[PDB]
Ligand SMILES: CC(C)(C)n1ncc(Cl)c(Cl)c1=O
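Next comes just one chain, in structure tokens: the form solved without the ligand.
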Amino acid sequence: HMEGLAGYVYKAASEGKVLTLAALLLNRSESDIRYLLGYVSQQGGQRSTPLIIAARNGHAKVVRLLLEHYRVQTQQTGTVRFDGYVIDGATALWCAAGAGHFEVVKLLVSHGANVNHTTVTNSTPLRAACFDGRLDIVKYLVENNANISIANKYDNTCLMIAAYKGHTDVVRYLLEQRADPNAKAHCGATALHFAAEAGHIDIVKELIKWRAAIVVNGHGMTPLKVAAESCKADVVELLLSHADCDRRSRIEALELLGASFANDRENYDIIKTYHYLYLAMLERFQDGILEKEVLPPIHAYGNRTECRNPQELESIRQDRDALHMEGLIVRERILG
């Protein structure tokens, strides 16, 4: 029967074999060609239609054919795979967006394809392109009325995801397209928070260029605190040339930043620990007065207590071991 021929059709489409395809759906009845073109094939949890697969694989030839001659539905939904995981509620356009197949995308759009369709997780194809970072698609999608405000299931904006990856060009474009930089997320995060977690110094600039608010994480984390805790020394410095709470925010960020050099085994630099830890102690001690509420010793970090005065810190400067502990103690205080 036809569940067999259906594959032979799904095959050709997936592989871009436009000739094989065309030959396969000639002298076929309209009732038949609809069945074949709409069949949903499962190739490893991947439920897809011929259109959808060819759109996912960048087979413009096959894609043009399906649309021009056979005039298959542009809204066919499906469940496709991308680098391991499988997304649900996808249209050909969604696959072509995140797969960077600009040629396929224009063609899909030019043949009247919903640019604002929302997958199961409510992910615009624009969202896909902002993840991928194929700026031309982004531009072109936006030029064809793709709504930027549409976030995801968790209120992750296209702006955020781009700030997560390093897509400085895309972020800047979205900002000019007036994407709200102060959008918040379920976890209570801003594009600024994300790029601050990464070390996306260029993007953190543009957000600041665009008067991004300093909000708090659902954890109670400024973008600064995030970056200092994520051990992104540069970002911290930049972000600190702005309206940081006079001393409290500042000293904490420095204290945490320096502590994050003892904890983080990737970036591990104790010298940088004492540098920032001693810096912060100074900010604490120029008016004498801002003072440290120190926690009691514990077995966890040796029966040690954090330093409260510069002289206490100055003594540790040469004790690689003691400094390692201090950073832990310090981080323990600021975070818990």
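Numbering starts at 1 and runs along the sequence shown. In this text, the rigid core denotes the largest set of C-alpha atoms whose superposition between the two forms falls within 1.5 Å.
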Kindly name the stretch, out of 59 to 67 and 276 to 284, whose CA atoms are displaced more from this form in 7 other deposited structures of this protein after the core superposition? 276 to 284
Larger mean CA deviation from the shown form in 7 other deposited structures of this protein [core fit; 226 to 234 vs 212 to 220]: 212 to 220
Residue 288 to residue 289: deposited residues not modelled, binned count -> 1 to 3
Out of 259 to 267 and 158 to 166, which one has CA B-factors that are higher on average in the deposited record? 259 to 267
Taking the recorded C-alpha temperature factors, which stretch has the higher mean, 80 to 88 or 214 to 222? 80 to 88
Based on the PDB record, which member of 37, 65, 300, 55 exhibits the highest Cα temperature factor? 300
Between 143, 246, 176, 197, where does the Cα B-factor run highest in the record? 246
Lowest, middle or highest third: which one holds residue 277 when the chain's residues are ordered by CA B-factor from the entry? lowest
Entry-reported Cα temperature factor of residue 320, expressed as the chain third it lands in: highest
By the entry's values, the third containing the CA B factor of residue 6 is the middle
Among the chain's modelled residues, which third holds the C-alpha B-factor of residue 71? highest
Hey, what third does residue 207 fall into on Cα B-factor, ranked over its chain? lowest
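Absent from the display: the form solved in complex with the ligand. The rest refers to it.
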In the deposited bound form, the residue from 254, 226, 108, 235 with a non-hydrogen atom within 4.5 Å of the ligand is 226
Using a 4.5 Å heavy atom cut-off, which residue among 139, 219, 247, 71 comes into contact with the ligand in the deposited bound form? 219
In contact with the ligand in the deposited bound form (heavy atoms, 4.5 Å), from 238 to 246, 108 to 116, 194 to 202, 169 to 177, is stretch 194 to 202
Can you tell me if residue 262 lies within 4.5 angstroms of the ligand in the deposited bound form, counting non-hydrogen atoms only? no
Does residue 215 reach the ligand in the deposited bound form if we count a contact as any heavy atom within 4.5 Å? no
Contact label in the deposited bound form: residue 93 to the ligand, heavy atom within 4.5 Å: no
Using a 4.5 Å heavy atom cut-off, state whether residue 146 contacts the ligand in the deposited bound form. no
Can you name the residues of 175 to 190 that have a non-hydrogen atom within 4.5 angstroms of the ligand in the deposited bound form? 187, 189
